[PDB]
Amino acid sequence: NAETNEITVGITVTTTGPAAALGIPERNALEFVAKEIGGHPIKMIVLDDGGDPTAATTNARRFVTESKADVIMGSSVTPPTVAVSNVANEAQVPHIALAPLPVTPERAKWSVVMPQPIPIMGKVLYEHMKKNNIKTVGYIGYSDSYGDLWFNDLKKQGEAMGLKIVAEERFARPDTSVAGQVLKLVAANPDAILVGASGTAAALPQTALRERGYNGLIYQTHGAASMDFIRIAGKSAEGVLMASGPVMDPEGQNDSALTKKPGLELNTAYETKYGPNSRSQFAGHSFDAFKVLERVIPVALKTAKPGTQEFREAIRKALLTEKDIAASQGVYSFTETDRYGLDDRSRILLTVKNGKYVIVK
């Protein structure tokens, strides 16, 4: 509980296994965040969790008892993120989630969330469906809490907008085949299919549906928004509709948009190192986590020094009072009950034409 010069940020991300497509750009983006805030050096401890809730628990606990982190960030996908948020809330350490999660009362005090809440992304997808004469919808998503969040949104927001769910299928993150589920979707013959998945796994139902002769519209979530989806899906990605944060298109934003400068900053640096169109949803989240810390840390430093519980508490209170935090993915304002803090400025709609993401206006 004693004072340190450095600010210690423990980061657990998924750089191996099925979800490496999400964690790798999150870790890469750390090369472009602030190295010092308010005079204090940032010390980052970056760990791999392989996407596994047990490993992510182990890492978050290390951050509490060994590293004595001031802030914890992660994970890259929903199940390990639930695990990190549980640890951070029990231990009373500020936590920035890099994947969506169900923020229950038990998780709300110490966690805020960078990715867009599912219903914000669902709204744009369902409004495109309605505009395009889609009535019946089939669903295929993970058999875990991320897949549940999306299907829940489809049932609640989707149906309230006139849509009819005619089929629900699930698969597991490591599965290499979705043959059985795809055969059921083709048999139900919905007007459109929504896929609830992420990274390279989102390309699995994409290719499988096209291969089995489904020609209807396919809709993807913001978990699929990087170059990896197109690389794996290939031709089967053409004409896909996909929710995404504004970081995929800073060039297209108004000069006035608060998200423009941060998006241009991150993408200029990221894509200079990693090549044209290497921008991703996921790189946006870890970069934005540091945009938030640039705002809240100098405030916290007014009442306490790094390495103390008083500092963690001052960070938590600053997240409530520092408003309109400009970032690459949106403009953040959190409250005691709103831990995502985002509005209409945090979403766009993409499609794919000739292997490139294209904005849908």
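In case it trips you up, residue 1 is the first one in the sequence shown, and so on.
The stretch with the higher mean CA B factor, choosing between 85-93 and 151-159, is 151-159. On average the C-alpha atoms of 137-145 have higher B-factors than those of the other stretch, with 283-291 and 137-145 being the two compared. The top Cα temperature factor in the record, among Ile37, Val331, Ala318, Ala69, falls on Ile37. Of the candidates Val64, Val33, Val296, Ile325, the PDB record gives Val33 the highest C-alpha temperature factor. Among all modelled residues in this chain, the alpha-carbon of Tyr274 has a temperature factor (C-alpha) in the highest third. Sorting the modelled residues of the chain by their CA temperature factor places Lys302 in the highest third. Per-chain ranking of the deposited C-alpha B factor places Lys43 in the highest third. Ranked within its chain, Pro25 lands in the middle third, by CA B factor from the PDB record. Placement of the Cα temperature factor of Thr16 within the chain: highest third of the modelled residues, per the deposited record.
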